[PDB]
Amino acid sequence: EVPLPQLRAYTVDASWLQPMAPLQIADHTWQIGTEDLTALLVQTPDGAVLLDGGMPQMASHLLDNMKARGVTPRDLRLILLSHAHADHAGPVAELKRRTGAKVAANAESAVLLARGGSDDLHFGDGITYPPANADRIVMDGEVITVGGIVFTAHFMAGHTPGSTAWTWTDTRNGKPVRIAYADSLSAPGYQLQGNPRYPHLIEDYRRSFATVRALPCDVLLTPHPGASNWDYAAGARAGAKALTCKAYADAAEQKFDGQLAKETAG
């Protein structure tokens, strides 16, 4: 007699869990996550913003990196998200408890976050994390301003219903740098065609390729840094091979077209 299987925790490559010191992207913007998961701190004269936190277990590390940058728990005003999967929104509930941060997100991301990632359209209850509530709901193209860094939301549904690119203008050497944090355009293990839980999935992805291609994009960053060819562990060379938003979108569309063909064959 065979019992039901134990629960299996989702495990990741060691580099996804490997702490790194803050890496400066532009005058106000730093990577403060691990070697292989993005978590961006944007520091202003009127508080700080975090875009993504990575996995559930990264909360204390993020807080240590914030302190190294001079940002206290009270100083963190706002959390934004690329999308609400465990590997990017992991530690959000814990950060809200340990800091002043409030969460702004679109309705789709807020609903999935409130679920802690459960009942995912594709992963089901396979990748759950602690639930969190959003404090503010944002619409496509809506702007949020903190200390004169202006973040604009660009909905790019597909990877999740609520996938979002966040764009802002920072500086380097007194010159503007248009940063684009574009969400994932992967479909890992997804049923793409005739999916009853996401009937217009393909059309949403195609529109999202177009959105990403057109973003204001001097520097592209992605939730998984490898997708945009970042190597955070390479210090001074971390961003040298980085893709343009146009190149990222083209590569993603080519991979998606291959996946569609394999699906039809399978």
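So that there is no doubt, residue numbering starts at 1 and follows the sequence shown.
Between 86-94 and 144-152, it is 144-152 that carries the larger average Cα temperature factor according to the deposited entry. Once the C-alpha B-factors are averaged per stretch, 74-82 and 104-112 rank with 74-82 first.
When the C-alpha B-factors of 200, 224, 67, 61 are ranked from the entry, the top spot goes to 67.
When the Cα B-factors of 236, 210, 51, 219 are read from the PDB record, 236 comes out highest. Among the modelled residues of the chain, residue 130 sits in the middle third by CA temperature factor in this PDB entry.
Ranked within its chain, residue 33 lands in the lowest third, by CA B factor from the PDB record. Ranked by Cα temperature factor within the chain, residue 196 sits in the middle third according to the deposited record.
When all modelled residues of the chain are sorted by CA temperature factor, residue 185 is found within the lowest third. Split the chain's modelled residues into thirds by C-alpha temperature factor. Residue 215 is in the middle one.
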